[PDB]
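A lone chain, given as C-alpha cells: the form deposited in one PDB entry.
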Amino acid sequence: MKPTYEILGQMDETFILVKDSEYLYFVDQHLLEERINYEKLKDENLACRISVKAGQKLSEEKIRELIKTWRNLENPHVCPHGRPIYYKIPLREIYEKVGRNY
C-alpha cells in the first residue's frame, strides 16, 4: 500500500478499511495484529492468543497504529497460518461500474 493513504474506518468490528490511490483494502484486524505479534515474538500460538479478535471495537488511535505497522511488516500479505490478511478491490472496478474514468 502506498505511503499516502486514507483510513475509512472499521466495518463489522472485524475489518479496517484503508485505501491508497490504487486499491481499497479490507484488513482483518485479528490477522493483522497476529502477524505483528508473530514477527515480534516468533511464536504463532502466543501471537494468536494475545491479539485482538473480530467483534472488538477499536479506537481511532489503535486503528492508526495497526495500519502504520502493517505497512512495515516483513510479510504484510498473509498471517502465520497462511490466511490472507486482507481483501482488496481495485478502485478502477468501482469507478468503471458507474461509468467514470480511473
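Only residues modelled in both forms are compared. Numbers for residues come from their place in the sequence shown, where the first is 1. So that the term is clear: the rigid core is the largest set of C-alpha atoms that superpose within 1.5 Å between two forms.
One more form of this protein exists, namely the form deposited in another entry; it is left out here, but the text below deals with it.
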Among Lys42, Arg49, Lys57, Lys68, which is the residue that shifts its C-alpha 2 Å or more between this form and the one not shown, core superposed? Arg49
Evidently the Cα separation of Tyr38 and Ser51 changes by 3 Å or more in the other entry, so the atoms lie farther
In the other entry, the Cα separation between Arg49 and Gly9 changes by 3 Å or more relative to the shown form; did it shrink or grow? closer
Superpose the two forms on the rigid core, then report in sequence order the stretches of at least three consecutive residues whose Cα positions each move 2 Å or more between this form and the one not shown. 44-54
